[PDB]
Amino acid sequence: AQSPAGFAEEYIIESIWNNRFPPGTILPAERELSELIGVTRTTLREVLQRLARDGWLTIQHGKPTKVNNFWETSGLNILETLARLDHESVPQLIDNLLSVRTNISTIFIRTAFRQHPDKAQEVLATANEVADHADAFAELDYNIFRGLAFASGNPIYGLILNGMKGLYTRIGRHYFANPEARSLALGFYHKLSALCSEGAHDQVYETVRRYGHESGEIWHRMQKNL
């Protein structure tokens, strides 16, 4: 909410989620919607355009605006919104995002080590001198996975990490408040550097999967308390 546009956007998303405006149906006319929400038509139009780009709506000239099935039309951009809309399902959403990070990274880290080890090493070296605090590590960690994704030579993995950033770093800012989380991560970045230097193979997959499991354990034990 806050600003009129912010309030309108949140109102419409909440209305779609709670089925006031069910996915699969037509959105109410602009005049009725603006009057219902309490914003000007120009403010509403700007919000509708934003929602359309995020996949919540489909807008077409000379045609009623449709409320989409966002599970079919939205991308990673809605992760943060999903976390806000369904608090009870947040634990599972987080586990799912961490699993995606682990498994997709096995692919691009292996490729990065083979195709651009110099870039991979530069990325991993950023862990040096990192501040021993949650916010610093949350950003460092995200930057390392995103950096390795681009270091693969296939920027599409980078675009995927870009979409994951919002919720991924949010998790990180809480996860890395745990000193052990920071320690395990540093050990991981250091091991990855060694594997890259040695031109290792199977060890990369096993090392990344192991990190996902161990970091996942630390997170789960933190999550269980909340």
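Just count from 1 along the sequence shown to find any residue number.
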Quick one: higher average CA temperature factor, 178-186 or 66-74? 66-74
Averaged over C-alpha atoms, is the B-factor higher for 210-218 or for 21-29 in this PDB entry? 21-29
So among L124, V100, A138, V130, who wins on Cα B-factor in the entry? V130
Quiz for you: based on the deposited Cα B-factor, which of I107, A151, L79, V90 is highest? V90
Ranked against its chain, the third holding the CA B-factor of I156: lowest
CA B-factor ranking of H201, expressed as a third of its chain: highest
Please place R146 in the lowest, middle or highest third of its chain by C-alpha B factor as given in the entry. lowest
Binned into thirds over the chain's modelled residues, the C-alpha B-factor of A134 lands in the middle
Split into thirds by Cα B-factor across the chain's modelled residues, where does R170 land: lowest, middle or highest? middle
